[PDB]
């Protein structure tokens, strides 16, 4: 069954999916982030960033410190398995990554690194079952 998932953000602080499962038949997985709100990214931009659960607050703060033009993700951050661009209302962005980067059975953190979003705007990703 497919290896692509659409996850949505809006003008509030939550994704519509608090958890995501990457099916084990997949060699590559694409995440399609949609910002279905109406606020511009200067007020309520959102992105989607994937890391080991341990690396989350670190990535999140170096990311906030990287600025809006870097999509609030430190350029070349080794801890980021995959990330989207920061988008604003009515926009989308997608990222594809190699599923071999994930360990079967490990919970991974995904979150938004837009200033003030990482602790609320998050969820957990794992390989199926």
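Positions refer to the first chain, counted from 1.
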Exercise for the section: Quick one: say whether 103-111 or 17-25 has the higher mean Cα B-factor in the deposited entry. Expected result: 103-111
Handout entry: Higher-B stretch (mean Cα B-factor, as the entry records it), 2-10 or 120-128
Key = 120-128
Practice task
Choose from 37, 58, 45, 67 the residue with the greatest Cα B-factor as stated in the PDB record.
Solution key: 58
Fill in the blank from the handout: For 92, 78, 84, 30, the deposited C-alpha B-factor is largest at 78
Fill in the blank from the handout: Sorting the chain's modelled residues by C-alpha B-factor and splitting them into thirds places residue 98 in the middle
Handout entry: Chain-relative CA temperature factor third for residue 54
Key = highest
